[PDB]
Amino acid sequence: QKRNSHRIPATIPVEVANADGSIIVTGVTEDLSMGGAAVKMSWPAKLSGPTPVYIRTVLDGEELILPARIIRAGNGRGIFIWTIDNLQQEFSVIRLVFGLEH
């Protein structure tokens, strides 16, 4: 369909793990959108390509855990797209992006 990004530049601590737990790093966000995230961070491997991860952070006292795919890593920067497989995942993304607009 068609999607507005609701790109919101914001700086918030996040933790990122790949799906098998072999990699775990910390960082801060640069921007968030309905599409994904840009994060200041250093990924310790070369990306084949879109690699499934979990992103964890806190906002307004709430823990938010969002599945995602890292799609690029360029030291100082990790780029992600959200993975949304249900309503709770859809709304965690909404809570994050609009929670930051608020």
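Numbering starts at 1 and runs along the sequence shown.
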{"query": "Per the entry, higher mean C-alpha B factor between 51-59 and 70-78", "finding": "70-78"}
{"query": "Stretch with the greater mean C-alpha B-factor as recorded in the entry, comparing 60-68 against 35-43", "finding": "35-43"}
{"query": "Position of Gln88 among the chain's modelled residues by C-alpha B-factor, lowest, middle or highest third", "finding": "middle"}
{"query": "Chain-wide C-alpha B factor ranking for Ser22, given as lowest, middle or highest third", "finding": "highest"}
